[PDB]
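Structure data (CSV, C-alpha atoms) from model22.csv:
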chain,number,residue,atom,x,y,z
B,40,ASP,CA,-16.7,-135.9,-39.9
B,41,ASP,CA,-18.8,-138.8,-38.4
B,42,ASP,CA,-17.1,-141.2,-40.9
B,43,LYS,CA,-13.4,-140.1,-41.3
B,44,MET,CA,-12.1,-141.7,-38.1
B,45,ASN,CA,-14.0,-144.9,-38.8
B,46,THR,CA,-12.6,-145.0,-42.3
B,47,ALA,CA,-9.1,-144.4,-41.0
B,48,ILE,CA,-9.6,-147.3,-38.5
B,49,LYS,CA,-10.5,-149.5,-41.5
B,50,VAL,CA,-7.5,-148.3,-43.4
B,51,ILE,CA,-5.2,-149.1,-40.5
B,52,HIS,CA,-6.9,-152.6,-40.0
B,53,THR,CA,-6.3,-153.3,-43.7
B,54,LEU,CA,-2.7,-152.2,-43.6
B,55,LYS,CA,-2.0,-154.3,-40.5
B,56,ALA,CA,-3.6,-157.4,-42.0
B,57,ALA,CA,-1.0,-157.1,-44.7
B,58,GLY,CA,1.7,-157.0,-42.0
B,59,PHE,CA,2.5,-153.3,-41.9
B,60,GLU,CA,2.5,-150.9,-39.0
B,61,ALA,CA,-0.1,-148.2,-39.1
B,62,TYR,CA,-1.4,-145.5,-36.8
B,63,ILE,CA,-3.5,-142.3,-36.7
B,64,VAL,CA,-1.1,-139.5,-36.5
B,65,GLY,CA,-0.9,-135.7,-36.1
B,66,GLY,CA,-3.9,-133.3,-36.0
B,67,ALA,CA,-6.6,-136.0,-35.8
B,68,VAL,CA,-5.0,-137.3,-32.5
B,69,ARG,CA,-4.8,-133.7,-31.2
B,70,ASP,CA,-8.4,-133.1,-32.0
B,71,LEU,CA,-9.6,-136.4,-30.6
B,72,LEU,CA,-8.0,-135.6,-27.3
B,73,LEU,CA,-9.6,-132.1,-27.3
B,74,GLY,CA,-13.0,-133.6,-27.9
B,75,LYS,CA,-13.3,-132.1,-31.4
B,76,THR,CA,-14.2,-133.9,-34.7
B,77,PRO,CA,-11.1,-134.1,-37.0
B,78,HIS,CA,-11.2,-132.2,-40.2
B,79,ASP,CA,-8.4,-134.4,-41.6
B,80,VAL,CA,-7.4,-137.8,-40.5
B,81,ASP,CA,-3.8,-138.9,-41.5
B,82,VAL,CA,-2.4,-142.4,-41.2
B,83,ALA,CA,1.3,-143.1,-40.7
B,84,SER,CA,2.5,-146.5,-41.9
B,85,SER,CA,5.6,-148.6,-42.5
B,86,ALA,CA,4.0,-149.4,-45.9
B,87,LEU,CA,5.6,-147.7,-48.9
B,88,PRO,CA,3.3,-145.8,-51.3
B,89,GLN,CA,3.1,-148.6,-54.0
B,90,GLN,CA,2.4,-151.1,-51.3
B,91,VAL,CA,-0.6,-149.0,-50.2
B,92,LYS,CA,-1.9,-148.8,-53.7
B,93,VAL,CA,-1.9,-152.6,-53.8
B,94,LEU,CA,-4.2,-152.8,-50.8
B,95,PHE,CA,-6.9,-150.3,-51.8
B,96,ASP,CA,-9.1,-150.2,-54.9
B,97,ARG,CA,-9.1,-146.4,-55.3
B,98,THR,CA,-6.1,-144.2,-54.5
B,99,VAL,CA,-4.9,-140.7,-55.6
B,100,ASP,CA,-1.2,-140.6,-56.3
B,101,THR,CA,-0.4,-136.9,-56.1
B,102,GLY,CA,2.0,-136.9,-53.1
B,103,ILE,CA,3.7,-140.2,-53.9
B,104,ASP,CA,7.2,-138.7,-54.1
B,105,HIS,CA,6.7,-137.2,-50.6
B,106,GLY,CA,5.5,-140.6,-49.3
B,107,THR,CA,1.7,-139.9,-49.3
B,108,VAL,CA,-1.1,-141.8,-51.0
B,109,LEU,CA,-4.7,-140.6,-50.6
B,110,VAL,CA,-7.0,-143.7,-50.0
B,111,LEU,CA,-10.6,-143.4,-51.1
B,112,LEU,CA,-12.9,-145.5,-49.0
B,113,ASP,CA,-16.5,-145.4,-47.8
B,114,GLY,CA,-16.9,-142.0,-49.3
B,115,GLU,CA,-13.9,-140.5,-47.4
B,116,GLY,CA,-10.4,-139.6,-48.2
B,117,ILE,CA,-7.6,-140.8,-45.9
B,118,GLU,CA,-4.0,-139.7,-46.5
B,119,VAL,CA,-1.6,-142.6,-45.9
B,120,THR,CA,2.1,-141.5,-45.4
B,121,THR,CA,5.1,-143.7,-45.0
B,122,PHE,CA,7.3,-143.0,-42.0
B,123,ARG,CA,9.4,-140.1,-43.3
B,124,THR,CA,11.3,-136.8,-42.5
B,125,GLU,CA,11.4,-133.8,-44.8
B,126,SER,CA,13.6,-130.8,-44.9
B,127,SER,CA,13.2,-127.5,-46.8
B,128,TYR,CA,16.0,-125.9,-48.8
B,129,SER,CA,16.5,-122.1,-48.8
B,130,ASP,CA,15.6,-122.6,-52.5
B,136,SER,CA,14.1,-133.2,-49.6
B,137,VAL,CA,12.2,-136.3,-48.3
B,138,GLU,CA,13.8,-139.2,-46.4
B,139,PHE,CA,11.8,-142.4,-45.8
B,140,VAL,CA,12.6,-143.8,-42.4
B,141,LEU,CA,11.9,-147.2,-40.8
B,142,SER,CA,10.3,-146.4,-37.4
B,143,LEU,CA,7.4,-144.3,-36.3
B,144,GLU,CA,9.5,-142.5,-33.7
B,145,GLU,CA,12.1,-141.3,-36.3
B,146,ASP,CA,9.1,-139.7,-38.1
B,147,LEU,CA,7.5,-138.2,-35.0
B,148,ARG,CA,10.7,-136.6,-33.6
B,149,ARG,CA,10.9,-134.2,-36.6
B,150,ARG,CA,7.3,-133.0,-36.6
B,151,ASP,CA,6.6,-129.3,-35.7
B,152,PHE,CA,4.9,-129.3,-32.3
B,153,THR,CA,4.4,-131.8,-29.5
B,154,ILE,CA,0.6,-131.8,-29.8
B,155,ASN,CA,1.0,-132.7,-33.5
B,156,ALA,CA,3.6,-135.5,-32.7
B,157,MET,CA,1.3,-138.1,-31.2
B,158,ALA,CA,0.1,-141.3,-32.7
B,159,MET,CA,-2.8,-143.5,-31.8
B,160,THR,CA,-3.1,-147.2,-32.3
B,161,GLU,CA,-6.2,-149.1,-33.6
B,162,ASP,CA,-6.9,-150.0,-30.0
B,163,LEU,CA,-6.9,-146.3,-28.9
B,164,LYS,CA,-3.5,-146.4,-27.2
B,165,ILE,CA,-1.6,-143.1,-27.6
B,166,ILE,CA,2.1,-143.0,-28.4
B,167,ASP,CA,3.3,-139.7,-27.0
B,168,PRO,CA,7.1,-139.6,-26.8
B,169,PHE,CA,7.4,-135.8,-26.6
B,170,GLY,CA,4.8,-134.8,-24.0
B,171,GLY,CA,2.0,-133.8,-26.4
B,172,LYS,CA,-0.6,-134.9,-23.9
B,173,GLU,CA,0.7,-132.7,-21.1
B,174,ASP,CA,1.2,-129.7,-23.6
B,175,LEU,CA,-2.4,-130.3,-24.9
B,176,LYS,CA,-3.8,-130.3,-21.3
B,177,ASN,CA,-1.8,-127.1,-20.5
B,178,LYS,CA,-2.7,-125.5,-23.8
B,179,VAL,CA,0.9,-125.0,-24.9
B,180,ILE,CA,2.3,-125.0,-28.5
B,181,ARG,CA,5.9,-126.3,-28.0
B,182,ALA,CA,8.3,-127.4,-30.7
B,183,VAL,CA,9.4,-131.1,-30.7
B,184,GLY,CA,12.9,-131.3,-29.4
B,185,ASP,CA,15.2,-128.4,-30.2
B,186,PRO,CA,13.1,-125.5,-31.5
B,187,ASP,CA,16.1,-124.1,-33.4
B,188,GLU,CA,16.3,-127.3,-35.4
B,189,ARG,CA,12.6,-127.6,-36.1
B,190,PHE,CA,12.5,-124.0,-37.4
B,191,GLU,CA,15.7,-124.4,-39.5
B,192,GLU,CA,14.0,-127.5,-41.1
B,193,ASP,CA,10.9,-125.5,-42.2
B,194,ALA,CA,10.7,-121.8,-41.3
B,195,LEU,CA,7.0,-121.8,-42.1
B,196,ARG,CA,6.5,-123.6,-38.8
B,197,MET,CA,7.4,-120.3,-37.1
B,198,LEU,CA,4.2,-118.8,-38.6
B,199,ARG,CA,2.2,-122.0,-38.1
B,200,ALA,CA,2.9,-121.7,-34.4
B,201,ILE,CA,1.2,-118.3,-34.5
B,202,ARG,CA,-1.7,-119.7,-36.5
B,203,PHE,CA,-2.2,-122.6,-34.0
B,204,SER,CA,-2.2,-120.3,-31.0
B,205,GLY,CA,-5.5,-118.7,-32.3
B,206,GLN,CA,-6.9,-121.8,-33.8
B,207,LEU,CA,-6.6,-123.7,-30.5
B,208,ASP,CA,-6.6,-120.7,-28.0
B,209,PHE,CA,-3.1,-122.0,-26.7
B,210,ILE,CA,-0.1,-120.0,-25.7
B,211,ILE,CA,3.3,-120.5,-27.4
B,212,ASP,CA,5.9,-122.2,-25.2
B,213,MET,CA,8.5,-119.6,-24.0
B,214,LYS,CA,11.5,-121.4,-25.3
B,215,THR,CA,9.7,-122.0,-28.6
B,216,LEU,CA,8.7,-118.3,-29.0
B,217,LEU,CA,12.2,-117.0,-28.1
B,218,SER,CA,13.5,-119.4,-30.8
B,219,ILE,CA,11.1,-117.9,-33.3
B,220,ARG,CA,12.4,-114.4,-32.5
B,221,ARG,CA,16.0,-115.6,-33.0
B,222,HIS,CA,15.1,-117.3,-36.3
B,223,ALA,CA,12.4,-114.9,-37.7
B,224,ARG,CA,14.8,-113.8,-40.5
B,225,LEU,CA,14.5,-117.2,-42.0
B,226,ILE,CA,10.9,-116.5,-43.0
B,227,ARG,CA,12.2,-114.8,-46.1
B,228,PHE,CA,12.9,-118.2,-47.7
B,229,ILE,CA,9.3,-119.3,-47.7
B,230,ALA,CA,7.1,-119.1,-50.8
B,231,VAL,CA,4.7,-116.2,-50.3
B,232,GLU,CA,1.8,-118.6,-51.2
B,233,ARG,CA,2.4,-120.7,-48.1
B,234,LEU,CA,2.7,-117.4,-46.0
B,235,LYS,CA,-0.6,-116.2,-47.5
B,236,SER,CA,-2.3,-119.5,-46.7
B,237,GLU,CA,-1.3,-119.3,-43.0
B,238,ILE,CA,-2.3,-115.7,-42.8
B,239,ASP,CA,-5.7,-116.4,-44.4
B,240,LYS,CA,-6.3,-119.1,-41.7
B,241,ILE,CA,-5.4,-116.6,-38.9
B,242,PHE,CA,-7.8,-114.0,-40.3
B,243,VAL,CA,-10.8,-116.4,-40.1
B,244,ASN,CA,-9.8,-118.2,-36.9
B,245,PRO,CA,-10.9,-117.4,-33.3
B,246,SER,CA,-8.7,-115.4,-31.0
B,247,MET,CA,-7.1,-113.7,-33.9
B,248,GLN,CA,-6.1,-110.7,-31.9
B,249,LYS,CA,-3.9,-113.1,-29.8
B,250,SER,CA,-2.4,-114.4,-33.1
B,251,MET,CA,-1.7,-110.9,-34.3
B,252,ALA,CA,0.0,-109.9,-31.1
B,253,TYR,CA,2.2,-113.0,-31.3
B,254,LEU,CA,3.0,-112.1,-34.9
B,255,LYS,CA,4.5,-108.9,-33.7
B,256,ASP,CA,6.0,-110.3,-30.5
B,257,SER,CA,7.7,-113.2,-32.4
B,258,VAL,CA,9.5,-110.6,-34.6
B,259,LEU,CA,7.8,-112.1,-37.7
B,260,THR,CA,6.2,-108.8,-38.6
B,261,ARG,CA,9.7,-107.4,-38.9
B,262,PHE,CA,10.6,-109.8,-41.8
B,263,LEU,CA,7.3,-110.9,-43.4
B,264,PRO,CA,6.7,-109.2,-46.7
B,265,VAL,CA,5.4,-105.8,-45.9
B,266,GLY,CA,5.2,-107.2,-42.4
B,267,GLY,CA,4.8,-103.9,-40.5
B,268,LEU,CA,1.4,-103.5,-42.1
B,269,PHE,CA,0.0,-106.3,-39.9
B,270,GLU,CA,0.6,-104.1,-36.8
B,271,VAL,CA,-2.8,-102.4,-36.8
B,272,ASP,CA,-5.3,-102.3,-34.1
B,273,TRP,CA,-7.3,-105.5,-34.6
B,274,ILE,CA,-9.8,-104.8,-31.8
B,275,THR,CA,-12.6,-103.8,-34.2
B,276,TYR,CA,-12.0,-106.8,-36.4
B,277,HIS,CA,-14.6,-109.5,-36.6
B,278,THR,CA,-14.2,-112.1,-39.3
B,279,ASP,CA,-17.0,-112.7,-41.8
B,280,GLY,CA,-15.6,-116.1,-42.6
B,281,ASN,CA,-13.7,-114.7,-45.7
B,282,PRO,CA,-9.9,-114.2,-45.3
B,283,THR,CA,-10.2,-111.4,-47.8
B,284,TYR,CA,-11.9,-109.2,-45.2
B,285,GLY,CA,-8.8,-109.3,-43.0
B,286,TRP,CA,-6.7,-107.9,-45.9
B,287,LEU,CA,-9.3,-105.2,-46.5
B,288,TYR,CA,-9.5,-104.4,-42.8
B,289,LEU,CA,-5.6,-104.2,-42.7
B,290,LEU,CA,-5.5,-101.7,-45.6
B,291,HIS,CA,-8.5,-99.6,-44.5
B,292,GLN,CA,-7.1,-99.0,-41.0
B,293,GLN,CA,-3.9,-97.7,-42.4
B,294,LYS,CA,-5.5,-95.8,-45.4
B,295,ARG,CA,-3.3,-97.9,-47.7
B,296,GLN,CA,-4.0,-99.3,-51.1
B,297,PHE,CA,-4.0,-102.9,-52.6
B,298,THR,CA,-0.6,-102.3,-54.3
B,299,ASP,CA,1.0,-102.3,-50.8
B,300,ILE,CA,0.1,-106.0,-50.2
B,301,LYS,CA,0.5,-107.2,-53.8
B,302,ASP,CA,3.6,-109.3,-52.9
B,303,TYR,CA,1.2,-112.0,-51.5
B,304,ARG,CA,0.1,-112.9,-55.0
B,305,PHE,CA,-3.7,-112.5,-54.8
B,306,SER,CA,-6.0,-114.0,-57.4
B,307,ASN,CA,-7.5,-111.5,-59.8
B,308,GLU,CA,-10.8,-112.1,-58.1
B,309,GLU,CA,-9.5,-111.4,-54.6
B,310,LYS,CA,-7.6,-108.4,-55.8
B,311,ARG,CA,-10.8,-107.0,-57.4
B,312,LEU,CA,-12.9,-107.6,-54.3
B,313,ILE,CA,-10.3,-105.7,-52.2
B,314,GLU,CA,-9.8,-102.7,-54.5
B,315,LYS,CA,-13.5,-102.2,-55.3
B,316,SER,CA,-14.4,-102.4,-51.6
B,317,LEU,CA,-11.7,-99.8,-50.8
B,318,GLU,CA,-13.1,-97.5,-53.6
B,319,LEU,CA,-16.5,-97.8,-51.9
B,320,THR,CA,-15.0,-96.8,-48.5
B,321,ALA,CA,-13.6,-93.6,-50.1
B,322,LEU,CA,-17.0,-92.7,-51.7
B,323,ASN,CA,-18.8,-90.1,-49.6
B,324,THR,CA,-22.3,-91.0,-50.8
B,325,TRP,CA,-23.7,-94.1,-52.4
B,326,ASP,CA,-26.7,-93.8,-54.7
B,327,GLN,CA,-28.5,-96.0,-57.2
B,328,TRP,CA,-25.5,-95.9,-59.6
B,329,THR,CA,-23.2,-97.1,-56.8
B,330,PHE,CA,-25.5,-100.1,-56.0
B,331,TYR,CA,-25.9,-100.8,-59.7
B,332,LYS,CA,-22.2,-100.8,-60.7
B,333,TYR,CA,-20.7,-102.5,-57.6
B,334,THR,CA,-21.3,-106.1,-56.6
B,335,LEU,CA,-23.2,-106.9,-53.4
B,336,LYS,CA,-20.2,-108.6,-52.0
B,337,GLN,CA,-18.2,-105.4,-52.5
B,338,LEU,CA,-20.9,-103.3,-50.9
B,339,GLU,CA,-21.2,-105.7,-48.0
B,340,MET,CA,-17.4,-105.7,-47.3
B,341,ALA,CA,-17.2,-101.9,-47.6
B,342,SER,CA,-20.1,-101.5,-45.2
B,343,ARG,CA,-18.4,-103.9,-42.7
B,344,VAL,CA,-15.1,-102.0,-42.5
B,345,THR,CA,-16.9,-98.7,-42.1
B,346,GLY,CA,-19.4,-100.0,-39.5
B,347,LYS,CA,-22.6,-99.4,-41.4
B,348,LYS,CA,-25.5,-101.8,-41.1
B,349,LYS,CA,-27.8,-101.0,-44.0
B,350,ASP,CA,-30.0,-103.5,-45.9
B,351,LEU,CA,-27.7,-103.6,-49.0
B,352,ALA,CA,-29.4,-106.5,-50.7
B,353,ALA,CA,-32.8,-104.8,-50.7
B,354,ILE,CA,-31.5,-101.5,-52.2
B,355,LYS,CA,-29.7,-103.4,-55.0
B,356,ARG,CA,-32.8,-105.7,-55.6
B,357,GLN,CA,-35.1,-102.7,-56.0
B,358,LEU,CA,-33.1,-100.9,-58.8
B,359,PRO,CA,-34.9,-100.7,-62.2
B,360,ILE,CA,-32.5,-103.1,-63.7
B,361,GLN,CA,-29.6,-105.3,-62.4
B,362,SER,CA,-27.1,-105.1,-65.3
B,363,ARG,CA,-26.3,-104.0,-68.8
B,364,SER,CA,-27.7,-107.3,-70.1
B,365,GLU,CA,-31.2,-105.9,-69.5
B,366,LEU,CA,-30.7,-102.5,-71.3
B,367,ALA,CA,-33.2,-102.1,-74.1
B,368,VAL,CA,-30.8,-100.5,-76.5
B,369,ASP,CA,-27.3,-101.2,-77.7
B,370,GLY,CA,-24.7,-99.3,-79.8
B,371,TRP,CA,-26.2,-100.6,-83.0
B,372,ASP,CA,-29.5,-98.8,-82.2
B,373,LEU,CA,-27.5,-95.6,-81.7
B,374,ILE,CA,-25.7,-96.1,-85.0
B,375,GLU,CA,-29.1,-96.4,-86.8
B,376,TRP,CA,-30.7,-93.4,-85.1
B,377,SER,CA,-27.7,-91.1,-85.3
B,378,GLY,CA,-26.5,-92.0,-88.8
B,379,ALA,CA,-23.0,-91.8,-87.5
B,380,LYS,CA,-20.3,-94.5,-87.9
B,381,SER,CA,-19.5,-96.9,-85.0
B,382,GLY,CA,-16.9,-95.4,-82.7
B,383,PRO,CA,-15.9,-94.9,-79.0
B,384,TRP,CA,-18.7,-92.3,-78.7
B,385,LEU,CA,-21.2,-95.2,-78.4
B,386,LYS,CA,-19.9,-96.1,-74.9
B,387,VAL,CA,-20.4,-92.5,-73.7
B,388,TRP,CA,-23.9,-92.4,-74.9
B,389,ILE,CA,-24.9,-95.9,-73.8
B,390,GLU,CA,-23.8,-95.0,-70.3
B,391,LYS,CA,-25.8,-91.8,-70.4
B,392,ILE,CA,-28.9,-93.8,-71.2
B,393,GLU,CA,-28.0,-96.5,-68.7
B,394,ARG,CA,-27.7,-93.9,-65.9
B,395,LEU,CA,-31.1,-92.4,-66.8
B,396,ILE,CA,-32.6,-95.9,-66.6
B,397,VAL,CA,-30.9,-96.9,-63.3
B,398,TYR,CA,-32.1,-93.7,-61.7
B,399,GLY,CA,-35.7,-94.5,-62.9
B,400,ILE,CA,-35.9,-91.3,-65.0
B,401,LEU,CA,-36.0,-92.9,-68.5
B,402,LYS,CA,-38.1,-96.1,-69.1
B,403,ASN,CA,-36.2,-99.1,-70.2
B,404,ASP,CA,-38.0,-99.3,-73.6
B,405,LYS,CA,-36.4,-99.0,-77.0
B,406,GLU,CA,-39.0,-96.6,-78.5
B,407,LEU,CA,-38.9,-94.3,-75.5
B,408,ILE,CA,-35.1,-94.3,-75.5
B,409,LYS,CA,-35.2,-93.6,-79.2
B,410,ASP,CA,-37.4,-90.5,-78.5
B,411,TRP,CA,-35.0,-89.3,-75.8
B,412,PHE,CA,-31.9,-90.0,-77.9
B,413,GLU,CA,-33.2,-88.2,-81.0
B,414,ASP,CA,-33.8,-85.1,-78.9
B,415,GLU,CA,-30.5,-85.0,-77.0
B,416,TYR,CA,-28.1,-86.0,-79.9
B,417,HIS,CA,-29.6,-83.8,-82.6
Spell out the structure here as structure tokens.
Amino acid sequence: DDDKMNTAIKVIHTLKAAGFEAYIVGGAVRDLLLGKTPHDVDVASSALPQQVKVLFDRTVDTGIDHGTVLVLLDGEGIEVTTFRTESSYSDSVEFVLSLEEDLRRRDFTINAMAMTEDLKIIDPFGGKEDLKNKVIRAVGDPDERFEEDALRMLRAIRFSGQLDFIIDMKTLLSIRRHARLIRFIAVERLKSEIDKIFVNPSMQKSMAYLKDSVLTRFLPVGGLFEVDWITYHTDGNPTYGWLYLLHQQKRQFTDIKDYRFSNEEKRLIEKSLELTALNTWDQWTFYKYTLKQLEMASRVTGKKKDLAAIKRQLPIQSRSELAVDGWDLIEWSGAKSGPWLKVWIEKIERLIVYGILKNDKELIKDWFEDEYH
């Protein structure tokens, strides 16, 4: 935020005092020229990774093989990457000696700018003009950029909504010709880009481009993204886009399971879908489902109830508060432990959640001894 750019300027100054070239590069330059505050600030340098580690007290060496060292300084983290090009196999990183060799194989012209310590902008590919005209355009030959990393095709879509830009005609036609190549991309990278689209502004533009680019033809279950997105308003959670997608089509979670959801995200989607299929919600509904599930289900169905208050006013919040357990029932019934205990604990739990039976051991005992015997 208010400290990342300053810290990167310090990093650059330190790299240059050791005789290396260093520049701000990529998204930070784009954001600076748009008048936004960069979320990430990357530095490109002639220094190799181990030479960066010599110059800074605290570094994180995860991306070393790819040329990247994270520098920890003044409470920020600045990625320092040696000049490099990378290529993706259908199943490779090459360090280079000049900045321009690095820049000419980046994805889009607005991401292929560098800025010096003295605020001079190095813009070999017209990023400044494309930024002013709000155009996402591939650097150089779009066919080549997309053959290098087919995920860039979907990233163009994501950028169009993130920035409210159009996609350059030649670039878009190239995506259409190469959309088949999306099949080689790990579904985790695909899901990460789609999650961004779902929470970004102008997502209806992004979704139209997704279909227009032919990507929906070849994405995993890609045709499912061609719903009417007019009613969609993000709540800041990408999961709500996937739920909105399924709800519009009356489809179930299994239809999108190729994207490898976490067990938590899968549960939120399924339990929310179950809620949208329930005709009436009562105290049991608010007791058994989480508030996040009730809220997401209400959002896709357009309701605007005060869900938190209904849940808050139930007699109890969870099984933890129940005043009896299966061992009480074993005592009172004189029967051996078995699956029957779950049936009868739930009977008692329902009577308590509906406020019929008091949550009190002796009163539950009185009720149980009457109903069981």
#### Entry: residue 231 of chain B environment, 9 Å, only C-alpha atoms, sequence neighbours closer than 2 positions dropped, as a ChimeraX atom specification
/B:227-229,233-236,264,302-304
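Nearest to residue 344 of chain B of all the residues B:299, B:237, B:279, B:375 is B:279, counting only C-alpha atoms.
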### Message
Report, in Å to a single decimal, how far apart atom CA of residue 243 of chain B and atom CA of residue 118 of chain B are.
### Response
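Going from atom CA of residue 118 of chain B over to atom CA of residue 243 of chain B covers 25.1 Å.
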### Query
In file coordinates, which residues lie within 8 Å of (0.4, -103.9, -33.6) using all atoms listed in the file, given as a PyMOL selection string?
chain B and resi 251-252+255+269-273
### Task
Calculate how many Å separate atom CA of residue 367 of chain B from atom CA of residue 391 of chain B, rounding to one decimal.
13.2 Å
### For segment 162-173 of chain B: contacts at 9 Å, all atoms listed in the file, fewer than 2 positions along chain excluded, given as number ranges by chain
B: 68-69, 72, 144, 147-148, 152-160, 175-179, 181, 183-184
### Task
In Å, rounded to a single decimal, give me how far atom CA of residue 212 of chain B is from atom CA of residue 67 of chain B.
21.4 Å
Find the residues around residue 239 of chain B up to 10 Å (all atoms listed in the file counted), leave out those fewer than 6 positions away in its own chain, and share them as a PDB file with C-alpha atoms, in the coordinates of the input.
ATOM      1  CA  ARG B 202      -1.700-119.700 -36.500  1.00  0.00           C
ATOM      2  CA  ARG B 233       2.400-120.700 -48.100  1.00  0.00           C
ATOM      3  CA  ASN B 281     -13.700-114.700 -45.700  1.00  0.00           C
ATOM      4  CA  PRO B 282      -9.900-114.200 -45.300  1.00  0.00           C
ATOM      5  CA  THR B 283     -10.200-111.400 -47.800  1.00  0.00           C
ATOM      6  CA  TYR B 284     -11.900-109.200 -45.200  1.00  0.00           C
ATOM      7  CA  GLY B 285      -8.800-109.300 -43.000  1.00  0.00           C
ATOM      8  CA  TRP B 286      -6.700-107.900 -45.900  1.00  0.00           C
TER       9      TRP B 286
END
### Query
At a cut-off of 12 Å from (19.6, -134.4, -35.6) in the coordinates of the file, what residues are picked up using all atoms listed in the file, written as a ChimeraX atom specification?
/B:124,126,145,148-149,183-189,191-192
### Message
as a ChimeraX atom specification, please: the residues near residue 401 of chain B (cut-off 12 Å, only C-alpha atoms, same-chain neighbours under 6 positions excluded).
### Response
/B:359-360,366-367,391-395,407-412
### Query
For residue 265 of chain B, which residue among B:222, B:92, B:75, B:301 is the nearest when counting all atoms listed in the file?
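Nearest to residue 265 of chain B: B:301.
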### Query
What's the 12 Å shell around residue 142 of chain B, counting all atoms listed in the file, without same-chain residues fewer than 2 positions away, as a list in words?
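Within the cut-off, the hits are residues 59, 60, 61, 62, 83, 84, 85, 86, 121, 122, 123, 124, 139, 140, 144, 145, 146, 147 and 148 of chain B.
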### Task
For each of B:182, B:230, B:223, B:99, take the minimum atom-to-atom distance to residue 211 of chain B, counting all atoms listed in the file, then give the residue where this is smallest.
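Smallest separation from residue 211 of chain B among the options: B:182.
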Taking all atoms of segment 230-249 of chain B that the file lists and extending 8 Å past them on each side, where is the centre of the axis-aligned box and how long are its edges? Answer in Å to one decimal, as lines of an AutoDock Vina configuration file.
center_x = -1.9
center_y = -115.7
center_z = -40.5
size_x = 34.0
size_y = 26.0
size_z = 37.4
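The residue that comes closest to residue 246 of chain B, out of B:290, B:263, B:210, B:197 and on the basis of all atoms listed in the file, is B:210.
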### Message
Here is a test: counting all atoms listed in the file, which residue of B:370, B:74, B:399, B:245 is nearest to residue 384 of chain B?
### Response
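Nearest candidate to residue 384 of chain B out of B:370, B:74, B:399, B:245: B:370.
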